[PDB]
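S.K.: Reminder that position 120 of the sequence shown reads as 120 in mature numbering (1 follows the signal peptide of the UniProt record, and there is no 0), one-by-one numbering, no gaps.
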Amino acid sequence: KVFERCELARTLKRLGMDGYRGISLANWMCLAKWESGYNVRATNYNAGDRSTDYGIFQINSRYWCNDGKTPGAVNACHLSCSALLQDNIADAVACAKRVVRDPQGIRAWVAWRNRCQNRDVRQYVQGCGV
Ligand code: NA
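#1: For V2, which three-state DSSP category applies?
#2: With distances taken Cα to Cα, identify the nearest neighbour of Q58 among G68, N75 and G37.
#3: Using a Cβ distance threshold of 8 Å, determine whether the segment 29–43 contacts the segment 73–80, with at least three qualifying pairs required.
#4: Determine whether the beta carbon atoms of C128 and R10 lie at a separation below 8 Å.
#5: Would you call the segment 84–102 in contact with the segment 16–29, where contact means no fewer than 3 C-beta pairs closer than 8 Å?
#6: Beta carbon of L12, beta carbon of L31: below 8 Å?
#7: What first and last residue would you give for the alpha helix (DSSP H) that runs through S36?
#8: Taking the continuous alpha helix (DSSP H) assigned at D91, which residues delimit it?
#9: Is there at least one non-hydrogen atom of ligand 1 closer than 7 Å to the beta-carbon of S82?
#10: Taking just the CA atoms, how far does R62 sit from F3?
#11: Thinking C-alpha only, which one of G105, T52 and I89 is nearest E7?
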């Protein structure tokens, strides 16, 4: 499933993402937009280090979820990476919350730095009723 902008915005708000660890809802929307284009099935293999990014937030298999084929990996979210490909994004959200509980916060994703940081991100939630 590929979420529509406002549909996702309302879903994330209900899941308690607004202001989570100081991160505004619009920041999470900007992150999802640039990582997967709001597509829960997005997957990207990194030939360079043998890890894969999964789902709407493109969470990496080396640290956060287990896919079994990533060398020297941990599973901090204690989830199979398969869980991050579901239409129901509850597990992906719980794992995203875990990722930002680390010192880097939202900066853990380089795309956030490149296209969201210091930018006007209001556009991602405008008119959505959140
Ligand atoms: Na892993």
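We put the CB at the ideal spot given by N, CA and C, even for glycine.
M.R.: A quick look at the data gives this:
#1: strand
#2: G37
#3: no
#4: yes
#5: yes
#6: no
#7: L25 to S36
#8: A90 to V99
#9: no
#10: 26 Å
#11: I89
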